[PDB]
Number of protein chains: 2
Amino acid sequence: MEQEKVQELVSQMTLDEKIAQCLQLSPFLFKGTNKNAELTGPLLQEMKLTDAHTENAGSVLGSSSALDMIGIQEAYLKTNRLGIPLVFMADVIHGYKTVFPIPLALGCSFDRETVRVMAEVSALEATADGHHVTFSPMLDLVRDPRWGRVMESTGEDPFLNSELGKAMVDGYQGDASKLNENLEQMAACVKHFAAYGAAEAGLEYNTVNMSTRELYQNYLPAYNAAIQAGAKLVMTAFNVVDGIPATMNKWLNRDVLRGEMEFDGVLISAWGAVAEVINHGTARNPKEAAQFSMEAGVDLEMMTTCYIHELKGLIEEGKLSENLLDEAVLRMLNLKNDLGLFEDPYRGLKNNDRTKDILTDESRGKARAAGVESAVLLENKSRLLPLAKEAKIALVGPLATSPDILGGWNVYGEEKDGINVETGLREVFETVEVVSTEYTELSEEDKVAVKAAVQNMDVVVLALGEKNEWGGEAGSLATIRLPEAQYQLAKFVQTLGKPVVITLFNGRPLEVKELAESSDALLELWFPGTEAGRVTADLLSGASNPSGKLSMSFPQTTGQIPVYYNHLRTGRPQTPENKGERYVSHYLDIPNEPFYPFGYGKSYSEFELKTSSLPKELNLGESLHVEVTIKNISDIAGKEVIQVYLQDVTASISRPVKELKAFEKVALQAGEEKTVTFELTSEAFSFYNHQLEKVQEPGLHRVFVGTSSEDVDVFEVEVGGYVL
Amino acid sequence: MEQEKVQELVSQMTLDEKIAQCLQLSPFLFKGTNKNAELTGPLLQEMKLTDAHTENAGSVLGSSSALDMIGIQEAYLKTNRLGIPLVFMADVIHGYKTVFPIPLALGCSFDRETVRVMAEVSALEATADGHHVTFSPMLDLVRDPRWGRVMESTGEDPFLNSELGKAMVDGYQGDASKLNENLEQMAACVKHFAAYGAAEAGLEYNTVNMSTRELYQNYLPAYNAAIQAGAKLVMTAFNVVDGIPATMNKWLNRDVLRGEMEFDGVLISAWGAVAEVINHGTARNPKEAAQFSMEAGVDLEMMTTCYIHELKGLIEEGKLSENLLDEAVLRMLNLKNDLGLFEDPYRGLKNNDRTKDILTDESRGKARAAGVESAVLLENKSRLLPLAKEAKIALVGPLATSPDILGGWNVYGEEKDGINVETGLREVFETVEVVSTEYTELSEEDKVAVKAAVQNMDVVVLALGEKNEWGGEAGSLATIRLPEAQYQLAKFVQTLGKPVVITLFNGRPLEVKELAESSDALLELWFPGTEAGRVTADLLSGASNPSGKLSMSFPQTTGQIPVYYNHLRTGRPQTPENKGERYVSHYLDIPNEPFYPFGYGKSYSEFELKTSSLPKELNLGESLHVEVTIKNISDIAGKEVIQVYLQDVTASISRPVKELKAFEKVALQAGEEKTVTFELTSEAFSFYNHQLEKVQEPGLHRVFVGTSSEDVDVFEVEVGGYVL
Ligand SMILES: OC[C@H]1O[C@@H](O[C@@H]2[C@@H](O)[C@H](O)[C@@H](CO)O[C@H]2O)[C@H](O)[C@@H](O)[C@@H]1O
Ligand SMILES: OC[C@H]1O[C@@H](O[C@@H]2[C@@H](O)[C@H](O)[C@@H](CO)O[C@H]2O)[C@H](O)[C@@H](O)[C@@H]1O
Ligand SMILES: [Mg+2]
Ligand SMILES: [Mg+2]
């Protein structure tokens, strides 16, 4: 409906109606829900919620199905005085019912279109079950694999994260200005603003601290890119930002998000974060929490009651302007209008059962394709892989038969629809003998059974991994290792004298040195989702050819953290030339290098790259155009990820040794050759200075073209002169 | 001499003379040295140094003895045109020839007077060998025991560090305005400005980053306290501070150090740090390095040549003001005048051999006393300790006979004068049987020998530890554990069925859970210095009673780092109540608590404390006066460390759960009772806000009185009203 009519609604609402519009609740706190009704009475009483609250609530969080939504919405519109529909929001993180790989695995794809497709299918399915908003993408930069939430990020590089962030928004939303018409697309909500990934010691919800310049340089760019691409909502973070909980941080949310980033949508709190500023010790009570959160421009309080119980008295007593409340309500109403809820509150569902769109075979093919783009081949000694379909396989370990392959942050997908490793392999391989072991134990009996199976077969597929519950939210590990029983299992299998491929399933970087040394091949599958076993079988048999690259560094050991490719040089860098000396930046007990670096991954193919002549000089403001010819010089079709990095050799701030500024994943048949071109705009050459200005300085840059952050040719470009 | 005459010298100097005044060199780069003279020609050529450079150099770094000094200074004053004497500077970190405990161990003393004495004796001896300046105290706050340089800090608390930092300045300098008369005292140089201890991943020289507010709140206060107490010099740090290498950080060194902290002495570079800004990528070349370092106010370049080879051209071309040079030269001359060098350039030595004053028995008694104050008794199950002098002792392990007990940063002390553990024990105990093992191995032959010795005796003294070379500068360990052979040794010794005391010698916090669990008692000796074996024997026999408390947290495991007592609460704290739930700040695999906390330490005595009635309310600006009565309720004389912490419950910045604000180490005879009083001024109640103002806010504080950061009684005080 027209804007005038939206403003009209705001004027017509009572104060109590406006306050409750800023509250989000679980579905079973509403009448008309069709699940968990036994939770409703107790919990309404505990939150001290009344009908006047729930009949005017603004939003539902985590509806369980289309029927739940329809029922809740129908009952609510019966009794709502002005006919304002609820908006329904959900966590669709890496798929709805068709589960795609976890985001960190999608990071390893280096493939924008893979990520857009995941987001499209997610929305197709989620809208079919009546969800309007997804709490994705998660764009927290991560340098610390202790933190369980790395699984939800695309990794340690802001440029990659920004690019795949944009891809996800485009896939969920399509043309954002048509979300009232395109009812198979949904609103995206960027999270968690800001810098949540820098949690001290990888500990969940823990202190975050960095300079404002670093915040702007590394931690903000990905949220900013997704906002500029049209993300409709933003969610606050649990952590402090320079000492102030993000949720009531007026500088962060008013000056930066609403001011500088020009964000004019709904700012929704993370779960309970408005009430938690009390625990943080920056509000005395819920009256203060409410006041400060509203000052900071939080429109929507998720599942706490600070707003509903305190706003009235704050507005009555004059501590808080009613104008701040009206602008929140107006943003909530504009969101609903943007989704077409005032013309169709059932968002396409009321006379249209869209069950048919959920968990289709076409969608499964897409998740499989996503799986095979995202996996990373870390070792393959002696061309052990791909296996022949006649290879006789002993398939052993805790991930042999585990149905736990869908990943963390899988709120709607079901393990029964998932394909485990055994099932996947037996579709492809005629002889498989299986010995499943426990996640945290290695018994004598297991060793006997494993030994017997390996004696029978020709090659071992050792399937190791984490339970998904060892990561995700509030799954912090001080030591980033598998249970020791799995390292013992790999050591045992090695002694049997048969070639061993390790297929590793996990949600974070781990200490894998002992796995690489105990096997001939090592494949990082992460958690591929619904098609897990087929993803694995096709990569092992060569039906698909591994093409993923690490989007996060794999530490030598836990105490190397944080280690990441885009690091500063320091004043005493270790060089090939000073190897050995005491007074240089090094550890006495490990290498400075991570075990595996950013952008690293193997292939069954072999490629050669050639960069065309680059200029020696460039004007300020000028783009550098980078042409690369790549040839598949093997007999196997495959894909390579061309990566381009820039370094600022001398600057007024000590700049990273490399930063990724472009990438493209190129598919090549045997013998095929292609040319791709990149444009590094003058923004790629810029950075934040000690004064927090985005600047471009004259001087020397190096340009790295290659297939990892380490496997590169280097070129020099002197920037100066006049500005374009 | 008169200030006017000092100025006169500056006017009389040529440009080349002024430039060279800002250079510091090793002694064997001068004519007249009496050691390492064969290094002189090659190195002079490599640095491309001439006589005109060395005959006008401003300072000598690391003279080897009084004779080296006298010789160098005598030859130099022969040829120097205006008669400006050299100033001689050295690393006297925890003693000269009489070696005291490493600073981190001195932290654990919680004893201001112990620290002042160490500093007094250090200066007595160092001045006797002709040094004018010491590069101490090191006041870098440390939260990361991977970093080898934690040994040189007093630990994780800014208040403790500030207080002992002041004690060290007073001990070295005495009345700073009389350093021309008191020739047994010497100038102190505060280091490393600033925040060097926050090196990322505990990696030497590595990136430092934190908000400016945190910089002020936690990282600056100890340098500031030592500057205000009258420290004559400051040394720059190796690291970046918000992206700019400290050495050329104009904001840091001009605005903060010279402006806000009102420091008007010599700013000396850390070793090579002026040249190393090039490596950091914030200067293109040595011409830029010089220009920027001088702009930032660095007066004295340590052992690099940027200044001498580039200042002339910078001044000639007008890229740098000659006035900046003259003020550096004037600060250098004022330092020399403060030390009386213009009346006596040999600073008391020329007709007075003070060999007499070095390594006296009185001094040894003081280092022993320091040792016994600083050790920390971590476990003592079943009153194993103290041992009777008739106890028959198996003394085993790598520290049984090792002479490596003087600590890191022992530039002048000699192992032959040290007392090892065996020697110390046999002065006290009639029966000791010794089995020495290696630091990194545990052989079958060792086990047989250990077994035989333990069977013969009644109690095991298991002496475990680090070589000093595993810490100090550029001794970063990614995993903070002893060599695994020592853990295996402790496990083996435990199976022998005899009571075990572990005496642990080390320069950092270590993972000691496996030691505490494998023994009945555990004594943390750190590196006590020259009197090590006697420090150990006296504590073991009860001749002295352990009284140290930890000045740094001991992590459950490496991946808990950083862990520290003064932490933020977060938005989802673990409580007694919610412990068990998923969605709280916790690790899946370890406790949140460190293994041992700040301020923790045992005693052979037992004490009780009672805090007198506190007010319920306080005005802004008002001091809180805290009276504590402590009684020794045992039959053993000993010392307790009374600690007082404050918390700011609610603030505009999320404030730590506790901060130490006072402490006193109280000595009590059996049955004795004392009353001590503390004043927590309104500055103890203050903090830096989001705008970097030092503020006091009205509201609730809690006051904790006790004997650790955990063992405390808690009291509430409501601050508000008017201001004093
Ligand atoms: O689910 C919406 C957003 O909120 C958080 O998940 C909450 C968690 O913080 C809370 O403790 C539990 C209690 O039931 O529910 C979860 O829903 C996540 O941190 C957000 O990413 C999520 O989008
Ligand atoms: O000793 C003067 C100051 O120098 C640094 O020590 C240097 C070290 O950086 C350099 O690598 C070696 C070269 O041999 O000399 C050492 O003396 C220390 O970090 C400062 O704390 C010290 O006060
Ligand atoms: Mg540059
Ligand atoms: Mg307060």
# chains A, B, ... in the order shown; residues from 1 in each chain; ligands from 1

$ interface_residues --of "chain B" --to "chain A" --cutoff "7 Å" --atoms "only C-alpha atoms" --output "ChimeraX atom specification"
/B:201,203-207,209-212,238,242-244,276-277,279-284,474-479,558-562,568-572,582-590,649-654

$ write_last_selection --atoms "N, CA and C atoms" --output "compact mmCIF listing (two decimals), in the first residue's frame"
# COMPACT_ATOMS: atom_id res chain seq x y z
N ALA B 201 49.24 -13.58 19.43
CA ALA B 201 49.62 -15.02 19.51
C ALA B 201 50.89 -15.30 20.31
N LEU B 203 53.62 -14.15 19.86
CA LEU B 203 54.74 -14.23 18.90
C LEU B 203 55.68 -13.01 18.99
N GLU B 204 56.98 -13.23 19.17
CA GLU B 204 57.91 -12.08 19.34
C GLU B 204 57.81 -11.04 18.24
N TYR B 205 57.78 -9.77 18.67
CA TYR B 205 57.74 -8.55 17.81
C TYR B 205 56.42 -8.36 17.05
N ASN B 206 55.47 -9.25 17.28
CA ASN B 206 54.27 -9.30 16.44
C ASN B 206 53.27 -8.15 16.73
N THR B 207 52.34 -7.98 15.79
CA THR B 207 51.26 -7.02 15.81
C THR B 207 50.64 -6.87 17.18
N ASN B 209 47.29 -4.70 18.74
CA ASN B 209 46.12 -3.86 18.45
C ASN B 209 45.11 -3.89 19.57
N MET B 210 44.62 -2.72 19.94
CA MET B 210 43.60 -2.54 20.96
C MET B 210 43.03 -1.13 20.78
N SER B 211 41.86 -0.87 21.32
CA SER B 211 41.31 0.48 21.25
C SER B 211 42.17 1.48 22.06
N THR B 212 42.12 2.74 21.62
CA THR B 212 42.84 3.80 22.36
C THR B 212 42.38 3.82 23.82
N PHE B 238 59.21 -2.18 20.01
CA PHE B 238 59.30 -2.78 18.69
C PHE B 238 58.02 -2.82 17.84
N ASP B 242 48.38 0.95 17.21
CA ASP B 242 47.41 1.21 16.20
C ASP B 242 47.98 1.44 14.82
N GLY B 243 48.77 0.49 14.35
CA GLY B 243 49.20 0.48 12.99
C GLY B 243 50.48 1.22 12.73
N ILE B 244 51.00 1.97 13.71
CA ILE B 244 52.23 2.75 13.50
C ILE B 244 53.26 2.26 14.46
N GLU B 276 64.06 -0.41 11.77
CA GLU B 276 63.08 -1.48 11.57
C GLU B 276 61.68 -0.96 11.15
N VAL B 277 61.47 0.35 11.17
CA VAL B 277 60.21 0.90 10.71
C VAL B 277 60.07 0.70 9.19
N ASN B 279 61.13 -2.21 7.72
CA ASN B 279 60.59 -3.53 7.65
C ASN B 279 59.11 -3.52 7.91
N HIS B 280 58.69 -2.67 8.85
CA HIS B 280 57.28 -2.57 9.20
C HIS B 280 56.49 -1.97 8.04
N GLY B 281 57.19 -1.38 7.08
CA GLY B 281 56.51 -0.77 5.91
C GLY B 281 55.92 0.61 6.15
N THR B 282 56.47 1.37 7.08
CA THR B 282 56.03 2.73 7.31
C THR B 282 57.12 3.78 7.05
N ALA B 283 58.22 3.32 6.49
CA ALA B 283 59.25 4.19 5.89
C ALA B 283 59.80 3.44 4.69
N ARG B 284 60.07 4.16 3.60
CA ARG B 284 60.60 3.56 2.36
C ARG B 284 62.07 3.19 2.50
N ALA B 474 62.60 -13.15 22.21
CA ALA B 474 62.54 -14.06 21.10
C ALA B 474 62.58 -15.52 21.54
N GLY B 475 61.91 -15.75 22.66
CA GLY B 475 61.58 -17.10 23.16
C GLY B 475 60.08 -17.28 23.32
N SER B 476 59.40 -17.30 22.17
CA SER B 476 57.99 -17.52 22.12
C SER B 476 57.73 -19.00 22.00
N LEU B 477 56.83 -19.51 22.86
CA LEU B 477 56.32 -20.89 22.78
C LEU B 477 54.87 -20.83 22.45
N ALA B 478 54.51 -21.48 21.36
CA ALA B 478 53.12 -21.66 21.00
C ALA B 478 52.33 -22.50 22.04
N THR B 479 52.97 -23.47 22.67
CA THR B 479 52.33 -24.31 23.71
C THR B 479 53.09 -24.07 25.01
N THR B 558 46.82 -24.07 27.00
CA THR B 558 47.31 -22.99 26.12
C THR B 558 46.16 -22.19 25.46
N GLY B 559 45.13 -22.92 25.03
CA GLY B 559 44.03 -22.30 24.32
C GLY B 559 43.03 -21.52 25.16
N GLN B 560 43.25 -21.49 26.47
CA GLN B 560 42.51 -20.59 27.35
C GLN B 560 43.04 -19.16 27.24
N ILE B 561 44.21 -18.96 26.63
CA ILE B 561 44.86 -17.64 26.63
C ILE B 561 44.17 -16.63 25.68
N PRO B 562 43.97 -15.38 26.11
CA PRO B 562 44.29 -14.84 27.38
C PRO B 562 43.22 -15.11 28.40
N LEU B 568 35.98 -8.72 31.83
CA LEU B 568 34.60 -8.26 31.66
C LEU B 568 33.60 -9.38 31.94
N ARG B 569 32.37 -9.01 32.19
CA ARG B 569 31.36 -9.97 32.60
C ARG B 569 30.74 -10.74 31.45
N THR B 570 30.65 -10.06 30.31
CA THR B 570 29.90 -10.46 29.15
C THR B 570 28.39 -10.38 29.42
N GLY B 571 27.65 -10.53 28.33
CA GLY B 571 26.21 -10.51 28.36
C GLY B 571 25.60 -11.81 28.80
N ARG B 572 26.37 -12.92 28.82
CA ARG B 572 25.85 -14.18 29.34
C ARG B 572 26.81 -14.94 30.29
N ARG B 582 23.68 -24.64 27.94
CA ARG B 582 24.40 -24.45 26.68
C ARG B 582 24.69 -22.96 26.43
N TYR B 583 23.68 -22.12 26.50
CA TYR B 583 23.82 -20.75 26.04
C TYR B 583 24.35 -19.73 27.09
N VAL B 584 25.56 -20.01 27.55
CA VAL B 584 26.32 -19.14 28.44
C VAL B 584 27.80 -19.15 27.98
N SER B 585 28.55 -18.13 28.36
CA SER B 585 29.97 -18.03 28.02
C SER B 585 30.74 -19.13 28.75
N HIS B 586 31.11 -20.14 28.01
CA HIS B 586 31.86 -21.28 28.54
C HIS B 586 32.58 -21.98 27.41
N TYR B 587 33.57 -22.78 27.79
CA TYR B 587 34.17 -23.76 26.91
C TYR B 587 33.52 -25.17 27.07
N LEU B 588 33.39 -25.90 25.99
CA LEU B 588 32.91 -27.30 26.05
C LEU B 588 33.95 -28.17 26.75
N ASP B 589 35.24 -27.84 26.69
CA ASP B 589 36.25 -28.79 27.11
C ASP B 589 37.06 -28.42 28.36
N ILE B 590 37.03 -27.17 28.82
CA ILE B 590 37.73 -26.74 30.08
C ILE B 590 36.83 -25.80 30.89
N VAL B 649 29.87 -1.62 39.23
CA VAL B 649 28.82 -2.57 38.86
C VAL B 649 28.17 -2.19 37.55
N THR B 650 27.97 -0.89 37.37
CA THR B 650 27.25 -0.38 36.20
C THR B 650 27.93 0.84 35.70
N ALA B 651 28.25 0.87 34.44
CA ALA B 651 28.96 2.04 33.97
C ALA B 651 28.68 2.28 32.53
N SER B 652 29.09 3.44 32.03
CA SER B 652 28.98 3.70 30.60
C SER B 652 29.93 2.86 29.71
N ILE B 653 30.94 2.23 30.31
CA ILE B 653 31.81 1.25 29.64
C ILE B 653 31.65 -0.02 30.50
N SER B 654 31.65 -1.18 29.86
CA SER B 654 31.54 -2.45 30.62
C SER B 654 32.85 -2.59 31.41

$ residues_around --residues "residue 440 of chain B" --least-positions-apart "3" --cutoff "10 Å" --atoms "only C-alpha atoms" --output "ChimeraX atom specification"
/B:398,437,466,482-486

$ residues_near_ligand --ligand "ligand 2" --cutoff "10 Å" --atoms "only C-alpha atoms and all ligand atoms" --output "number ranges by chain"
A: 572, 581-584; B: 26, 61-62, 89-93, 134-138, 149, 152, 189-192, 205, 235-238, 268-273, 302-303, 409, 411, 472-474

$ residues_around --residues "residue 380 of chain B" --least-positions-apart "3" --cutoff "7 Å" --atoms "only C-alpha atoms" --output "PDB file with N, CA, C and O atoms, in the first residue's frame"
ATOM      1  N   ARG B 383      50.158 -31.310  54.808  1.00  0.00           N
ATOM      2  CA  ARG B 383      51.298 -30.707  55.492  1.00  0.00           C
ATOM      3  C   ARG B 383      52.577 -31.468  55.178  1.00  0.00           C
ATOM      4  O   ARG B 383      53.376 -31.703  56.072  1.00  0.00           O
ATOM      5  N   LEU B 384      52.756 -31.874  53.911  1.00  0.00           N
ATOM      6  CA  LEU B 384      54.034 -32.432  53.484  1.00  0.00           C
ATOM      7  C   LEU B 384      55.164 -31.465  53.816  1.00  0.00           C
ATOM      8  O   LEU B 384      56.243 -31.848  54.289  1.00  0.00           O
ATOM      9  N   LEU B 385      54.935 -30.219  53.482  1.00  0.00           N
ATOM     10  CA  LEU B 385      55.924 -29.147  53.740  1.00  0.00           C
ATOM     11  C   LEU B 385      55.545 -28.359  55.004  1.00  0.00           C
ATOM     12  O   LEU B 385      54.356 -28.147  55.252  1.00  0.00           O
ATOM     13  N   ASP B 520      52.195 -34.111  45.790  1.00  0.00           N
ATOM     14  CA  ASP B 520      51.505 -33.735  47.022  1.00  0.00           C
ATOM     15  C   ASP B 520      51.720 -32.269  47.325  1.00  0.00           C
ATOM     16  O   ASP B 520      50.862 -31.643  47.906  1.00  0.00           O
ATOM     17  N   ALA B 521      52.885 -31.733  46.943  1.00  0.00           N
ATOM     18  CA  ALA B 521      53.201 -30.320  47.130  1.00  0.00           C
ATOM     19  C   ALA B 521      53.758 -29.776  45.797  1.00  0.00           C
ATOM     20  O   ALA B 521      54.305 -30.535  45.010  1.00  0.00           O
ATOM     21  N   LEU B 522      53.647 -28.466  45.563  1.00  0.00           N
ATOM     22  CA  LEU B 522      54.203 -27.823  44.383  1.00  0.00           C
ATOM     23  C   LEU B 522      54.639 -26.411  44.730  1.00  0.00           C
ATOM     24  O   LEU B 522      53.829 -25.603  45.138  1.00  0.00           O
TER      25      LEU B 522
END

$ select_by_dssp --residues "segment 134-318 of chain A" --states "helix (DSSP H, G or I)" --output "JSON, numbers by chain"
{"A": [148, 149, 150, 151, 152, 158, 159, 160, 161, 162, 163, 164, 165, 166, 167, 168, 169, 170, 171, 172, 173, 176, 177, 178, 196, 197, 198, 200, 201, 202, 212, 213, 214, 215, 216, 217, 218, 219, 221, 222, 223, 224, 225, 226, 227, 228, 246, 247, 248, 250, 251, 252, 253, 254, 255, 256, 257, 258, 259, 260, 273, 274, 275, 276, 286, 287, 288, 289, 290, 291, 292, 293, 294, 295, 306, 307, 308, 309, 310, 311, 312, 313, 314, 315, 316]}

$ residues_around --residues "residue 392 of chain B" --least-positions-apart "6" --cutoff "6 Å" --atoms "only C-alpha atoms" --output "list in words"
residues 431, 457 and 458 of chain B

$ write_last_selection --atoms "N, CA, C and O atoms" --output "PDB file, in the first residue's frame"
ATOM      1  N   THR B 431      70.686 -36.145  54.730  1.00  0.00           N
ATOM      2  CA  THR B 431      70.580 -37.189  53.711  1.00  0.00           C
ATOM      3  C   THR B 431      69.836 -36.740  52.432  1.00  0.00           C
ATOM      4  O   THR B 431      68.612 -36.519  52.429  1.00  0.00           O
ATOM      5  N   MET B 457      65.003 -43.444  50.101  1.00  0.00           N
ATOM      6  CA  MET B 457      64.749 -42.224  50.863  1.00  0.00           C
ATOM      7  C   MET B 457      63.294 -42.172  51.304  1.00  0.00           C
ATOM      8  O   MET B 457      62.552 -43.091  51.029  1.00  0.00           O
ATOM      9  N   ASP B 458      62.887 -41.117  51.995  1.00  0.00           N
ATOM     10  CA  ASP B 458      61.504 -40.988  52.479  1.00  0.00           C
ATOM     11  C   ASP B 458      60.596 -40.041  51.679  1.00  0.00           C
ATOM     12  O   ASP B 458      59.365 -40.183  51.713  1.00  0.00           O
TER      13      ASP B 458
END

$ select_by_dssp --residues "segment 308-514 of chain A" --states "strand (DSSP E or B)" --output "list in words"
residues 376, 377, 378, 379, 380, 393, 394, 395, 396, 397, 432, 433, 434, 435, 436, 459, 460, 461, 462, 463, 464, 465, 476, 500, 501, 502, 503, 504 and 505 of chain A

$ write_last_selection --atoms "N, CA and C atoms" --output "compact mmCIF listing (two decimals), in the first residue's frame"
# COMPACT_ATOMS: atom_id res chain seq x y z
N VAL A 376 37.57 -29.43 0.15
CA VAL A 376 39.00 -29.08 -0.12
C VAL A 376 39.91 -30.30 -0.01
N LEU A 377 40.65 -30.56 -1.08
CA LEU A 377 41.56 -31.67 -1.11
C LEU A 377 42.84 -31.17 -0.58
N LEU A 378 43.27 -31.68 0.56
CA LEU A 378 44.47 -31.14 1.26
C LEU A 378 45.71 -31.94 0.97
N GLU A 379 45.56 -33.27 0.90
CA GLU A 379 46.67 -34.15 0.46
C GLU A 379 46.20 -35.22 -0.53
N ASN A 380 47.12 -35.63 -1.40
CA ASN A 380 46.87 -36.75 -2.29
C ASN A 380 48.19 -37.23 -2.76
N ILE A 393 36.90 -51.15 -0.78
CA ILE A 393 37.02 -50.15 0.29
C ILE A 393 36.66 -50.65 1.68
N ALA A 394 37.57 -50.51 2.63
CA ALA A 394 37.27 -50.59 4.06
C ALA A 394 36.93 -49.18 4.47
N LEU A 395 35.68 -48.99 4.87
CA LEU A 395 35.17 -47.68 5.23
C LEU A 395 35.05 -47.72 6.73
N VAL A 396 35.89 -46.98 7.44
CA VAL A 396 35.92 -47.08 8.92
C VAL A 396 35.93 -45.75 9.62
N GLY A 397 35.46 -45.77 10.87
CA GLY A 397 35.55 -44.61 11.76
C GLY A 397 34.20 -44.04 12.15
N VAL A 432 32.39 -52.43 -0.55
CA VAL A 432 32.61 -51.65 0.65
C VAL A 432 32.36 -52.52 1.90
N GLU A 433 33.35 -52.56 2.77
CA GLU A 433 33.19 -53.19 4.07
C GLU A 433 33.32 -52.10 5.18
N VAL A 434 32.37 -52.06 6.10
CA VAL A 434 32.22 -50.94 7.01
C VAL A 434 32.47 -51.33 8.43
N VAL A 435 33.29 -50.57 9.12
CA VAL A 435 33.41 -50.69 10.57
C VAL A 435 33.27 -49.31 11.16
N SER A 436 32.13 -49.11 11.77
CA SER A 436 31.82 -47.88 12.41
C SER A 436 32.41 -47.89 13.84
N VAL A 459 41.94 -50.49 -0.02
CA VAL A 459 42.15 -49.07 0.37
C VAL A 459 41.24 -48.70 1.55
N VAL A 460 41.72 -47.84 2.43
CA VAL A 460 40.93 -47.44 3.57
C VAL A 460 40.38 -46.06 3.32
N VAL A 461 39.06 -45.91 3.49
CA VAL A 461 38.43 -44.62 3.66
C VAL A 461 38.13 -44.49 5.18
N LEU A 462 38.95 -43.64 5.82
CA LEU A 462 38.88 -43.36 7.24
C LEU A 462 38.05 -42.09 7.44
N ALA A 463 36.86 -42.23 8.01
CA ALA A 463 35.93 -41.11 8.09
C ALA A 463 35.93 -40.60 9.53
N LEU A 464 36.54 -39.44 9.70
CA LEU A 464 36.75 -38.85 11.00
C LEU A 464 35.93 -37.59 11.09
N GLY A 465 35.58 -37.16 12.29
CA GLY A 465 35.01 -35.82 12.42
C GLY A 465 34.45 -35.43 13.74
N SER A 476 32.48 -23.45 22.03
CA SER A 476 33.85 -23.04 22.04
C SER A 476 34.72 -24.19 22.51
N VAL A 500 45.57 -45.03 2.62
CA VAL A 500 44.48 -44.54 3.49
C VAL A 500 44.03 -43.17 2.95
N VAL A 501 42.73 -42.98 2.69
CA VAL A 501 42.19 -41.64 2.42
C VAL A 501 41.42 -41.29 3.68
N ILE A 502 41.65 -40.09 4.24
CA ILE A 502 40.89 -39.57 5.36
C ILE A 502 39.88 -38.56 4.84
N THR A 503 38.62 -38.82 5.16
CA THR A 503 37.55 -37.91 4.82
C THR A 503 37.14 -37.29 6.15
N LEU A 504 37.34 -35.98 6.28
CA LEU A 504 37.17 -35.28 7.55
C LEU A 504 35.95 -34.37 7.45
N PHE A 505 35.08 -34.52 8.45
CA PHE A 505 33.87 -33.76 8.57
C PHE A 505 33.95 -32.93 9.84

$ residues_around --residues "residue 619 of chain A" --least-positions-apart "5" --cutoff "6 Å" --atoms "only C-alpha atoms" --output "JSON, numbers by chain"
{"A": [719, 720, 721, 722]}

$ write_last_selection --atoms "C-alpha atoms" --output "PDB file, in the first residue's frame"
ATOM      1  CA  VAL A 719      51.211   4.520  -8.152  1.00  0.00           C
ATOM      2  CA  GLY A 720      51.450   8.341  -8.273  1.00  0.00           C
ATOM      3  CA  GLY A 721      50.972  11.607 -10.195  1.00  0.00           C
ATOM      4  CA  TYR A 722      47.479  13.074 -10.748  1.00  0.00           C
TER       5      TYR A 722
END

$ atom_distance --atom1 "atom CA of residue 540 of chain B" --atom2 "atom CA of residue 666 of chain B"
21.2 Å

$ residues_around --residues "residue 232 of chain B" --least-positions-apart "4" --cutoff "9 Å" --atoms "only C-alpha atoms" --output "list in words"
residues 133, 173, 176, 187, 188, 189, 190, 227, 263, 264, 265, 266 and 335 of chain B

$ residues_around --residues "residue 506 of chain B" --least-positions-apart "4" --cutoff "12 Å" --atoms "only C-alpha atoms" --output "PyMOL selection string"
chain B and resi 101-105+145+148+150-151+375+399+404-408+463-472+480-482+510-512+523-529
